[PDB]
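S.K.: Pasting a structure below so you can have a look.
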Amino acid sequence: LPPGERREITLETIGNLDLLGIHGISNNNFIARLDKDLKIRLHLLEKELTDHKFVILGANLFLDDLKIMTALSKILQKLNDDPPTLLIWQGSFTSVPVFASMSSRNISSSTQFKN
Amino acid sequence: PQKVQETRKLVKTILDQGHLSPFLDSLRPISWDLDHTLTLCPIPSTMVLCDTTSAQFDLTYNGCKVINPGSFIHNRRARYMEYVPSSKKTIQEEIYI
Amino acid sequence: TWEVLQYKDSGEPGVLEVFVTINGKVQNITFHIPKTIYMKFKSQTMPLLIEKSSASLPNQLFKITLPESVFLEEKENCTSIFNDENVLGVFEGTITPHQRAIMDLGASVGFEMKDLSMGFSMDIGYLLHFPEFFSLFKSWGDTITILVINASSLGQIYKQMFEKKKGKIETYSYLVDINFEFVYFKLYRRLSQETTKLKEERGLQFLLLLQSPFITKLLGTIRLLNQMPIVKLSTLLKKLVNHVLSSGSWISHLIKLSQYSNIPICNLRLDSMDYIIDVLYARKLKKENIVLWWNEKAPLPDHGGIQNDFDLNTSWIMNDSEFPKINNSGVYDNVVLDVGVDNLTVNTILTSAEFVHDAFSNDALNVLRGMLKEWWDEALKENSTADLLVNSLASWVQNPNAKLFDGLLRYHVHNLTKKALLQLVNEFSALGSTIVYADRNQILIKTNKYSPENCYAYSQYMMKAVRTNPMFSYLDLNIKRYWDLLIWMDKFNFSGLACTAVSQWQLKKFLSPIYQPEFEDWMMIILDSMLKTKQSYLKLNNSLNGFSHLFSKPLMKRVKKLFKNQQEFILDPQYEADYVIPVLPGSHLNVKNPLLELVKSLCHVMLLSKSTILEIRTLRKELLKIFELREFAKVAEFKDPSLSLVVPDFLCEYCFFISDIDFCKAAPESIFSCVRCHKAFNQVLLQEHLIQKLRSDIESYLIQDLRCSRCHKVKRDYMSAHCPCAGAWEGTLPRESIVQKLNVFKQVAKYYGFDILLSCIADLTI
Ligand SMILES: [Zn+2]
Ligand SMILES: [Zn+2]
């Protein structure tokens, strides 16, 4: 497989663009630049904020299983003692895929997802 | 160990390939306009490459720290992961249930 | 023990709690079952119970058998045979233990499953709940608890309905027997508490009937003590009284289903006959040594891991459904037979009859054929259950919630249905007739005959001559109408005399309100003139020659007067509302002159007459002269004012009727209710099908093949910039067509007020 390239090497050799808008939005006449001094100032602030923490929950967090919801209630009760900076929920919030129902007797798939 | 090797292989494949979906569009279709989002060309500083069919890990390759909190409920434990941006530590956490 | 009432899984793996019946008592008992698994390898390995095996796969194989505990503890933890090492995938590993028990033991069977092998007369309890209105009843108590005029109206409604249902109550009295008292309403603690009171007063020997369509089933089992055997089921107190008195019929029906299908009373669901078909098909499949594609966790068939990956064939298989429905527009002076069809799918499966990579497995198909023949013979011998089953097959072959759902099976049945309809059209036409229209529910047939009273004999001969061909042995061919004279451009736009005259025109709906009555008037005048001409020509002995002459001059005089009036009043606030053109679903186009739209509509209807094109055409010229428009002017040309939005193969579960429904060309009553029966379709089910169609077309756009724009070769490579013949690549679904589809979706969503569909449309852009 062709060798990967370290982030710094890629950024410096493409011309150090801001491909996100972390520093500024681009136009067709103006490609935004990832200004070095602001990059350094932000990096120092990043090292300064010792307390920030990102909490990632595991995948396949099916909200329609009581065991999931019980486990999750315990976890969030821990997190309320000391809130994350950020909390990534992810991945398939229902046990079954939620698709067009074949019948009207049971509560429909979309409605169940909303519940 | 097997579990280590089959995740070194994963992240090395993804980051050497530089792109989150190496597969042909006849095996994983991409919205043609939005394929630029799957490209990783300036390799990200961290990647939460979440995957339910592999072990948890917090590898590093080419300076990219790739982590995977593979599944929420596994082996009768709730599993979640604490990435710490101001030090790039990755403290895994679990609750028994 | 040698009879079962319920299976359920224990908390711990591989173990079932079972409720069994013998010696006149229910007993609680417990089984241990091993999990059977299949595995496939390209190369041999056998480290260790594991058995090398042979069985047909779904489109080196080892059977594997463990107690679920050791399988589970090994598989998720160790460097075992279940992890890597050239596995092509576990096949049957999803089947729940009690769903293995129901297949191999059934009703007519801790305890090892190793040695188990292949008159109700007891009490009932009841817990139906109508969301706050929890309702409780017993076959062993003289009062009923109905939670948040009340008692008085209850008493007389009970008396009236009891009088209405006496014989039904009496005949099923020995199952559930009668008047009782009443009571009514933190409150939710009474549900757990009084269910303990139930258990305290009947430890066993009574059966609990759970719920009804306004379900909250899982939360109900949280309130309810989960240890009972439970029959799960899914001023308006009339409904509740009716259900309570209906209970005996339900017990009788459930006993009939169980005694037929060998499924325990608690496990089978009345709410879906497809499940009974699933288990009963699974038996005959494993008995014919097919690896079973039962899937518990997801709709898609458990082919092993491969089912999770996108595939162009699979996505085509899921996205595709349209019948190539024939529509030969015209005028027909011959009598036309309006032939209904039903049991077409069943007929194809019965009468049906690697290199092909989206054909369903021929072994499994042969099993379904022979099994359907078995069910059908038992229906002919008046088994209500087998009859209901064969009627419900059309749902199961389509339903993704079927445990043995397979998109390949759905598609195999569907395209065989398509071929069979084309062969049915071939058969009718081979017998000298000609088809006006044909789809999966209906055929309109030109007879080469002129009189209905002459043809009430020949029509029955014709239909018999079709059904007596073996290819159509099981068809419900039914002559639903006789059309004496027919004007036809599509099933939403026709008129004719039936043996008396009816007219319906989606065309009419787009004319401004002043002109809609005018359109119907001239359509009756056209029918009258055509009929006068037909009967005149027949008294004198394609017969329509000269029909324009009976009304052309009045029509021109009328149109001239209307044109003068339009110049007077189209701008006038006194009248403009009658000139305003209606916004509607699939409203195709903008129009500047509404009278011209009426004239275009009339002329188009009359131009359907292939025999008489010239006289109509000359009249059309003389009409357009009023506007000084030239005979062939692009404005004067008739383009259909409506854009179709067809949701293919909608299911009316109330009568198992499969219909394409067109949200634009069909009238609203045919959208919000069935055409054959007249039960209403659920609104959210309806919107979900529109969103499924929308997303199916967006995906079909993104997954399309590209085609060369000047030689039509397909783009086979991945990185060419153009075809080798110098032609630019273009889509097989051009972007303009999909823009138009999203436009009609937004129109339909705005008009019918489909909030879910409209928010989906909003979330595309935003
Ligand atoms: Zn119906
Ligand atoms: Zn070409």
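Chain identifiers are assigned as A, B, and so on, following the order in which chains appear in the structure tokens; residues are numbered from 1 within each chain, and ligands are numbered from 1 in order of appearance.
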Among the residues of segment 14-60 of chain A, find those DSSP assigns to alpha helix (DSSP H) from the backbone and print them as an mmCIF file with N, CA, C and O atoms, in the first residue's frame.

M.R.:
data_model
loop_
_atom_site.group_PDB
_atom_site.id
_atom_site.type_symbol
_atom_site.label_atom_id
_atom_site.label_comp_id
_atom_site.auth_asym_id
_atom_site.auth_seq_id
_atom_site.Cartn_x
_atom_site.Cartn_y
_atom_site.Cartn_z
ATOM 1 N N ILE A 14 1.223 20.861 0.919
ATOM 2 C CA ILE A 14 0.083 21.368 0.141
ATOM 3 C C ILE A 14 -0.056 22.884 0.223
ATOM 4 O O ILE A 14 -0.923 23.447 -0.464
ATOM 5 N N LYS A 36 0.228 30.500 10.979
ATOM 6 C CA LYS A 36 1.131 29.806 11.896
ATOM 7 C C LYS A 36 1.048 30.361 13.314
ATOM 8 O O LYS A 36 1.030 29.591 14.281
ATOM 9 N N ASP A 37 1.028 31.689 13.468
ATOM 10 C CA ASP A 37 1.005 32.263 14.813
ATOM 11 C C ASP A 37 -0.289 31.920 15.541
ATOM 12 O O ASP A 37 -0.266 31.584 16.732
ATOM 13 N N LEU A 38 -1.425 32.002 14.846
ATOM 14 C CA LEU A 38 -2.686 31.607 15.463
ATOM 15 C C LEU A 38 -2.694 30.117 15.779
ATOM 16 O O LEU A 38 -3.247 29.697 16.801
ATOM 17 N N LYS A 39 -2.102 29.305 14.897
ATOM 18 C CA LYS A 39 -1.964 27.875 15.161
ATOM 19 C C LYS A 39 -1.193 27.636 16.456
ATOM 20 O O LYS A 39 -1.588 26.808 17.283
ATOM 21 N N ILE A 40 -0.098 28.373 16.656
ATOM 22 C CA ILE A 40 0.699 28.214 17.872
ATOM 23 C C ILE A 40 -0.087 28.670 19.099
ATOM 24 O O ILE A 40 -0.051 28.019 20.150
ATOM 25 N N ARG A 41 -0.767 29.819 19.004
ATOM 26 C CA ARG A 41 -1.548 30.316 20.138
ATOM 27 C C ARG A 41 -2.622 29.309 20.542
ATOM 28 O O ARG A 41 -2.803 29.002 21.731
ATOM 29 N N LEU A 42 -3.327 28.761 19.550
ATOM 30 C CA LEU A 42 -4.330 27.738 19.818
ATOM 31 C C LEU A 42 -3.702 26.486 20.410
ATOM 32 O O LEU A 42 -4.291 25.846 21.283
ATOM 33 N N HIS A 43 -2.524 26.093 19.921
ATOM 34 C CA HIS A 43 -1.867 24.902 20.449
ATOM 35 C C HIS A 43 -1.495 25.085 21.918
ATOM 36 O O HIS A 43 -1.629 24.161 22.732
ATOM 37 N N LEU A 44 -1.006 26.273 22.273
ATOM 38 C CA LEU A 44 -0.681 26.541 23.671
ATOM 39 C C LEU A 44 -1.935 26.522 24.539
ATOM 40 O O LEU A 44 -1.924 25.976 25.649
ATOM 41 N N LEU A 45 -3.031 27.116 24.052
ATOM 42 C CA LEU A 45 -4.290 27.030 24.792
ATOM 43 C C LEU A 45 -4.758 25.583 24.919
ATOM 44 O O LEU A 45 -5.307 25.186 25.954
ATOM 45 N N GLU A 46 -4.565 24.791 23.865
ATOM 46 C CA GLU A 46 -4.938 23.381 23.878
ATOM 47 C C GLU A 46 -4.181 22.630 24.965
ATOM 48 O O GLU A 46 -4.753 21.798 25.678
ATOM 49 N N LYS A 47 -2.882 22.903 25.096
ATOM 50 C CA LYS A 47 -2.118 22.305 26.188
ATOM 51 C C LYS A 47 -2.496 22.898 27.544
ATOM 52 O O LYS A 47 -2.268 22.262 28.579
ATOM 53 N N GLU A 48 -3.062 24.109 27.565
ATOM 54 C CA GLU A 48 -3.423 24.749 28.830
ATOM 55 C C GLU A 48 -4.663 24.113 29.454
ATOM 56 O O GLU A 48 -4.768 24.027 30.683
#

S.K.: What does the list of residues within 6 Å of ligand 1 look like if you count only C-alpha atoms and all ligand atoms, written as a PyMOL selection string?

M.R.: chain C and resi 652+654-655+657+674+676-679

S.K.: Find the spatial neighbours of residue 10 of chain A, counting only C-alpha atoms, within a cut-off of 8 Å - ignore same-chain residues fewer than 4 positions away - and output them as a PyMOL selection string.

M.R.: (chain A and resi 5-6+14) or (chain B and resi 41-43)

S.K.: Could you take the residues named above and write them with N, CA and C atoms, as an mmCIF file, in the first residue's frame?

M.R.:
data_model
loop_
_atom_site.group_PDB
_atom_site.id
_atom_site.type_symbol
_atom_site.label_atom_id
_atom_site.label_comp_id
_atom_site.auth_asym_id
_atom_site.auth_seq_id
_atom_site.Cartn_x
_atom_site.Cartn_y
_atom_site.Cartn_z
ATOM 1 N N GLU A 5 1.421 9.566 4.889
ATOM 2 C CA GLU A 5 2.190 10.788 5.074
ATOM 3 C C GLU A 5 1.723 11.486 6.340
ATOM 4 N N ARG A 6 2.683 11.812 7.199
ATOM 5 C CA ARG A 6 2.421 12.485 8.463
ATOM 6 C C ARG A 6 1.713 13.816 8.219
ATOM 7 N N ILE A 14 1.223 20.861 0.919
ATOM 8 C CA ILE A 14 0.083 21.368 0.141
ATOM 9 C C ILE A 14 -0.056 22.884 0.223
ATOM 10 N N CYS B 41 -6.706 13.406 3.540
ATOM 11 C CA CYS B 41 -5.403 13.618 2.905
ATOM 12 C C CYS B 41 -4.388 14.315 3.803
ATOM 13 N N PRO B 42 -4.673 15.477 4.432
ATOM 14 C CA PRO B 42 -3.902 15.816 5.632
ATOM 15 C C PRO B 42 -4.412 14.963 6.776
ATOM 16 N N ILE B 43 -3.623 13.957 7.147
ATOM 17 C CA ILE B 43 -4.002 12.881 8.066
ATOM 18 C C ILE B 43 -4.498 13.490 9.376
#

S.K.: Let me make sure I understand: among B:55, B:50, B:20, B:91, which one has the smallest atom-to-atom distance to chain C if we use only C-alpha atoms?

M.R.: B:55

S.K.: For ligand 2, list the contacting residues at 6 Å or closer, counting only C-alpha atoms and all ligand atoms, as a PyMOL selection string.

M.R.: chain C and resi 708+710-711+713+723-725+727

S.K.: Find the residues near residue 9 of chain B: any atom within 12 Å, counting only C-alpha atoms, skip ones fewer than 6 places away on the same chain, and give them as a ChimeraX atom specification.

M.R.: /A:1 /B:2-3,15-17,54,59,61

S.K.: Export C-alpha atoms of the chosen residues as a tab-separated table (two decimals), in the first residue's frame?

M.R.:
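Listing of part-v1.tsv after writing:
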chain	number	residue	atom	x	y	z
A	1	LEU	CA	0.00	0.00	0.00
B	2	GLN	CA	-3.82	-12.06	16.86
B	3	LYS	CA	-6.02	-9.29	18.28
B	15	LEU	CA	-4.09	5.59	6.95
B	16	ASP	CA	-1.70	4.35	4.22
B	17	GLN	CA	-4.70	4.25	1.91
B	54	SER	CA	-12.80	-5.69	16.33
B	59	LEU	CA	-3.06	2.82	18.46
B	61	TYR	CA	0.55	5.52	13.42

S.K.: Counting only C-alpha atoms, which residues of chain C fall within 9 Å of chain A, and what is the closest atom pair for each with its distance in Å at one decimal, ordered by chain and rising number, as CSV?

M.R.:
residue,atom,partner,partner_atom,distance
C:212,CA,A:105,CA,8.7
C:213,CA,A:105,CA,5.5
C:214,CA,A:107,CA,7.5
C:215,CA,A:106,CA,6.8
C:216,CA,A:107,CA,8.6
C:234,CA,A:106,CA,6.4
C:271,CA,A:105,CA,7.2
C:272,CA,A:103,CA,8.9
C:297,CA,A:96,CA,6.4
C:298,CA,A:96,CA,5.5
C:299,CA,A:96,CA,7.8
C:395,CA,A:102,CA,8.5
C:398,CA,A:102,CA,8.7
C:399,CA,A:102,CA,6.2
C:400,CA,A:102,CA,7.6
C:401,CA,A:102,CA,7.7
C:650,CA,A:102,CA,8.9
C:651,CA,A:102,CA,7.5
C:652,CA,A:103,CA,8.5
C:653,CA,A:103,CA,6.8
C:681,CA,A:104,CA,8.0
C:682,CA,A:104,CA,6.2
C:684,CA,A:108,CA,7.2
C:685,CA,A:101,CA,6.2
C:686,CA,A:100,CA,8.8
C:687,CA,A:100,CA,8.8
C:688,CA,A:100,CA,5.1
C:689,CA,A:100,CA,5.7
C:690,CA,A:100,CA,8.9
C:691,CA,A:100,CA,8.1
C:692,CA,A:100,CA,6.5

S.K.: Take the residues from that selection and write them out as a PDB file, in the first residue's frame, keeping N, CA and C atoms.

M.R.:
ATOM      1  N   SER C 212     -54.244  -5.567  22.724  1.00  0.00           N
ATOM      2  CA  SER C 212     -55.027  -5.251  21.535  1.00  0.00           C
ATOM      3  C   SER C 212     -54.342  -4.067  20.852  1.00  0.00           C
ATOM      4  N   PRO C 213     -54.793  -3.667  19.629  1.00  0.00           N
ATOM      5  CA  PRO C 213     -53.903  -2.898  18.716  1.00  0.00           C
ATOM      6  C   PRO C 213     -53.210  -1.636  19.248  1.00  0.00           C
ATOM      7  N   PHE C 214     -53.793  -0.883  20.185  1.00  0.00           N
ATOM      8  CA  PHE C 214     -53.109   0.285  20.759  1.00  0.00           C
ATOM      9  C   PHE C 214     -52.075  -0.195  21.789  1.00  0.00           C
ATOM     10  N   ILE C 215     -50.994  -0.799  21.275  1.00  0.00           N
ATOM     11  CA  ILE C 215     -50.071  -1.559  22.122  1.00  0.00           C
ATOM     12  C   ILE C 215     -49.103  -0.648  22.877  1.00  0.00           C
ATOM     13  N   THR C 216     -48.651  -1.139  24.034  1.00  0.00           N
ATOM     14  CA  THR C 216     -47.416  -0.728  24.710  1.00  0.00           C
ATOM     15  C   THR C 216     -46.734  -1.965  25.287  1.00  0.00           C
ATOM     16  N   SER C 234     -51.991  -8.132  19.684  1.00  0.00           N
ATOM     17  CA  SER C 234     -51.880  -6.732  19.269  1.00  0.00           C
ATOM     18  C   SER C 234     -52.984  -6.346  18.289  1.00  0.00           C
ATOM     19  N   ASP C 271     -51.588 -11.688  15.006  1.00  0.00           N
ATOM     20  CA  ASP C 271     -51.361 -10.447  14.279  1.00  0.00           C
ATOM     21  C   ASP C 271     -50.578 -10.625  12.983  1.00  0.00           C
ATOM     22  N   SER C 272     -49.982 -11.795  12.742  1.00  0.00           N
ATOM     23  CA  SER C 272     -49.192 -12.008  11.530  1.00  0.00           C
ATOM     24  C   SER C 272     -49.191 -13.501  11.216  1.00  0.00           C
ATOM     25  N   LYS C 297     -32.484 -11.106  14.114  1.00  0.00           N
ATOM     26  CA  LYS C 297     -32.079  -9.761  14.512  1.00  0.00           C
ATOM     27  C   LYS C 297     -32.388  -8.690  13.477  1.00  0.00           C
ATOM     28  N   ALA C 298     -32.447  -9.043  12.194  1.00  0.00           N
ATOM     29  CA  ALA C 298     -32.584  -8.072  11.117  1.00  0.00           C
ATOM     30  C   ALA C 298     -33.470  -8.634  10.013  1.00  0.00           C
ATOM     31  N   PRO C 299     -34.098  -7.770   9.195  1.00  0.00           N
ATOM     32  CA  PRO C 299     -34.932  -8.294   8.098  1.00  0.00           C
ATOM     33  C   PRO C 299     -34.175  -9.136   7.085  1.00  0.00           C
ATOM     34  N   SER C 395     -48.704 -11.897   1.313  1.00  0.00           N
ATOM     35  CA  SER C 395     -48.024 -11.010   2.249  1.00  0.00           C
ATOM     36  C   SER C 395     -46.629 -11.526   2.581  1.00  0.00           C
ATOM     37  N   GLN C 398     -43.549 -11.046   0.416  1.00  0.00           N
ATOM     38  CA  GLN C 398     -43.116  -9.654   0.359  1.00  0.00           C
ATOM     39  C   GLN C 398     -42.648  -9.101   1.698  1.00  0.00           C
ATOM     40  N   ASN C 399     -43.200  -9.585   2.803  1.00  0.00           N
ATOM     41  CA  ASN C 399     -43.009  -8.958   4.110  1.00  0.00           C
ATOM     42  C   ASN C 399     -41.552  -9.075   4.562  1.00  0.00           C
ATOM     43  N   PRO C 400     -40.821  -7.969   4.785  1.00  0.00           N
ATOM     44  CA  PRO C 400     -39.450  -8.115   5.303  1.00  0.00           C
ATOM     45  C   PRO C 400     -39.376  -8.619   6.730  1.00  0.00           C
ATOM     46  N   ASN C 401     -40.444  -8.488   7.517  1.00  0.00           N
ATOM     47  CA  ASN C 401     -40.432  -9.000   8.881  1.00  0.00           C
ATOM     48  C   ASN C 401     -40.581 -10.513   8.949  1.00  0.00           C
ATOM     49  N   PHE C 650     -48.490  -1.846  -2.868  1.00  0.00           N
ATOM     50  CA  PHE C 650     -49.037  -1.580  -1.545  1.00  0.00           C
ATOM     51  C   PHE C 650     -49.935  -2.738  -1.127  1.00  0.00           C
ATOM     52  N   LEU C 651     -49.892  -3.085   0.159  1.00  0.00           N
ATOM     53  CA  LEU C 651     -50.629  -4.221   0.708  1.00  0.00           C
ATOM     54  C   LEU C 651     -51.770  -3.712   1.575  1.00  0.00           C
ATOM     55  N   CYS C 652     -52.989  -4.141   1.253  1.00  0.00           N
ATOM     56  CA  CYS C 652     -54.132  -4.010   2.153  1.00  0.00           C
ATOM     57  C   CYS C 652     -54.202  -5.293   2.971  1.00  0.00           C
ATOM     58  N   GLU C 653     -53.709  -5.239   4.212  1.00  0.00           N
ATOM     59  CA  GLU C 653     -53.675  -6.445   5.036  1.00  0.00           C
ATOM     60  C   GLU C 653     -55.077  -6.944   5.371  1.00  0.00           C
ATOM     61  N   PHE C 681     -56.378   3.071   4.875  1.00  0.00           N
ATOM     62  CA  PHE C 681     -54.947   2.866   5.054  1.00  0.00           C
ATOM     63  C   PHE C 681     -54.426   3.800   6.141  1.00  0.00           C
ATOM     64  N   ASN C 682     -53.508   3.292   6.959  1.00  0.00           N
ATOM     65  CA  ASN C 682     -52.935   4.093   8.035  1.00  0.00           C
ATOM     66  C   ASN C 682     -52.032   5.178   7.457  1.00  0.00           C
ATOM     67  N   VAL C 684     -49.438   6.972   8.633  1.00  0.00           N
ATOM     68  CA  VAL C 684     -47.989   6.908   8.807  1.00  0.00           C
ATOM     69  C   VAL C 684     -47.394   5.773   7.979  1.00  0.00           C
ATOM     70  N   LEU C 685     -48.083   4.627   7.906  1.00  0.00           N
ATOM     71  CA  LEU C 685     -47.688   3.559   6.986  1.00  0.00           C
ATOM     72  C   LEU C 685     -47.570   4.090   5.558  1.00  0.00           C
ATOM     73  N   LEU C 686     -48.544   4.906   5.160  1.00  0.00           N
ATOM     74  CA  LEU C 686     -48.582   5.476   3.819  1.00  0.00           C
ATOM     75  C   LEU C 686     -47.385   6.400   3.575  1.00  0.00           C
ATOM     76  N   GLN C 687     -47.130   7.312   4.519  1.00  0.00           N
ATOM     77  CA  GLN C 687     -45.999   8.225   4.382  1.00  0.00           C
ATOM     78  C   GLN C 687     -44.671   7.478   4.380  1.00  0.00           C
ATOM     79  N   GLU C 688     -44.552   6.437   5.210  1.00  0.00           N
ATOM     80  CA  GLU C 688     -43.336   5.631   5.224  1.00  0.00           C
ATOM     81  C   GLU C 688     -43.079   5.015   3.862  1.00  0.00           C
ATOM     82  N   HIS C 689     -44.134   4.535   3.202  1.00  0.00           N
ATOM     83  CA  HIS C 689     -43.911   3.977   1.874  1.00  0.00           C
ATOM     84  C   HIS C 689     -43.488   5.046   0.878  1.00  0.00           C
ATOM     85  N   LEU C 690     -43.999   6.273   1.011  1.00  0.00           N
ATOM     86  CA  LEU C 690     -43.504   7.323   0.119  1.00  0.00           C
ATOM     87  C   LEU C 690     -42.035   7.643   0.385  1.00  0.00           C
ATOM     88  N   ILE C 691     -41.618   7.666   1.652  1.00  0.00           N
ATOM     89  CA  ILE C 691     -40.216   7.959   1.947  1.00  0.00           C
ATOM     90  C   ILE C 691     -39.327   6.818   1.469  1.00  0.00           C
ATOM     91  N   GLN C 692     -39.805   5.578   1.584  1.00  0.00           N
ATOM     92  CA  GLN C 692     -39.055   4.443   1.060  1.00  0.00           C
ATOM     93  C   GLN C 692     -38.891   4.551  -0.451  1.00  0.00           C
TER      94      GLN C 692
END

S.K.: Could the residues of chain A within 8 Å of chain B, counting only C-alpha atoms, be given as a PyMOL selection string, please?

M.R.: chain A and resi 1-8+10-11+46-61+68+71-72+75

S.K.: Any chance you can output those residues with C-alpha atoms as a JSON list (two decimals), in the first residue's frame?

M.R.:
[["chain", "number", "residue", "atom", "x", "y", "z"],
["A", 1, "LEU", "CA", 0.00, 0.00, 0.00],
["A", 2, "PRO", "CA", 1.40, 3.49, -0.79],
["A", 3, "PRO", "CA", 3.09, 4.97, 2.31],
["A", 4, "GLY", "CA", 1.02, 7.23, 4.50],
["A", 5, "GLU", "CA", 2.19, 10.79, 5.07],
["A", 6, "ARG", "CA", 2.42, 12.49, 8.46],
["A", 7, "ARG", "CA", 0.01, 15.39, 9.02],
["A", 8, "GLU", "CA", 2.67, 18.12, 9.25],
["A", 10, "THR", "CA", 1.15, 16.89, 4.14],
["A", 11, "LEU", "CA", 0.00, 20.30, 5.39],
["A", 46, "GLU", "CA", -4.94, 23.38, 23.88],
["A", 47, "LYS", "CA", -2.12, 22.31, 26.19],
["A", 48, "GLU", "CA", -3.42, 24.75, 28.83],
["A", 49, "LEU", "CA", -6.92, 23.19, 29.12],
["A", 50, "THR", "CA", -5.90, 20.19, 31.25],
["A", 51, "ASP", "CA", -9.48, 19.48, 32.33],
["A", 52, "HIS", "CA", -11.25, 19.01, 28.98],
["A", 53, "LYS", "CA", -12.28, 15.43, 28.24],
["A", 54, "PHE", "CA", -14.16, 13.82, 25.34],
["A", 55, "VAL", "CA", -16.29, 10.83, 26.32],
["A", 56, "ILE", "CA", -17.07, 8.30, 23.57],
["A", 57, "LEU", "CA", -19.85, 5.75, 24.04],
["A", 58, "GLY", "CA", -19.55, 2.40, 22.29],
["A", 59, "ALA", "CA", -21.38, 1.53, 19.08],
["A", 60, "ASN", "CA", -24.73, -0.28, 18.70],
["A", 61, "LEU", "CA", -26.36, 1.65, 21.51],
["A", 68, "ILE", "CA", -28.86, -0.84, 27.28],
["A", 71, "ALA", "CA", -26.43, 0.49, 31.77],
["A", 72, "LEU", "CA", -26.57, 3.91, 30.18],
["A", 75, "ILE", "CA", -23.03, 5.72, 33.09]]

S.K.: Using only C-alpha atoms and a cut-off of 8 Å, which residues of chain C sit close to chain B? Please list them as a ChimeraX atom specification.

M.R.: /C:76,79,309-312,702-703

S.K.: Go ahead and save the residues from that selection, with C-alpha atoms, as a short mmCIF file (atom, residue, chain, number, x, y, z; two decimals), in the first residue's frame.

M.R.:
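Wrote part.cif, looks like this:
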data_model
loop_
_atom_site.label_atom_id
_atom_site.label_comp_id
_atom_site.auth_asym_id
_atom_site.auth_seq_id
_atom_site.Cartn_x
_atom_site.Cartn_y
_atom_site.Cartn_z
CA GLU C 76 -16.55 -13.95 22.33
CA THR C 79 -8.67 -17.62 19.85
CA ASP C 309 -22.57 -5.65 2.43
CA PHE C 310 -24.08 -3.52 -0.30
CA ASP C 311 -24.36 -5.29 -3.63
CA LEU C 312 -25.56 -3.99 -6.99
CA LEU C 702 -26.34 7.36 -6.93
CA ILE C 703 -25.75 3.66 -7.77
#

S.K.: What are the DSSP strand (DSSP E) residues of segment 463-536 of chain C, as a list in words?

M.R.: residues 478, 479, 480, 481, 482, 483, 484, 485, 486, 487, 488, 489, 490, 493, 494, 495, 496, 497, 498, 501, 502, 503, 504 and 505 of chain C

S.K.: Taking 2 positions as the minimum chain separation for residues in the same chain, which residues sit within 7 Å of segment 475-492 of chain C when counting only C-alpha atoms? Answer as a PyMOL selection string.

M.R.: chain C and resi 327+329-344+347+452+463+467+472-473+494-499+504-506+665-666

S.K.: One number please: atom CA of residue 46 of chain C to atom CA of residue 81 of chain C, in Å, one decimal.

M.R.: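 Atom-to-atom, atom CA of residue 46 of chain C and atom CA of residue 81 of chain C are spaced 8.6 Å apart.
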
S.K.: With only C-alpha atoms as the atoms that count, which of B:47, B:34, B:4, B:10 lies nearest to residue 22 of chain B?

M.R.: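 The shortest atom-to-atom distance to residue 22 of chain B comes from B:10.
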
S.K.: State, in Å with one decimal place, the distance from atom CA of residue 621 of chain C to atom CA of residue 513 of chain C.

M.R.: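 Atom CA of residue 513 of chain C lies 25.4 Å from atom CA of residue 621 of chain C.
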
S.K.: Rank B:38, B:58, B:46, B:76 by their smallest atom-to-atom distance to residue 7 of chain B, using only C-alpha atoms, and report the top residue only.

M.R.: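 Of all the options, B:58 lies closest to residue 7 of chain B.
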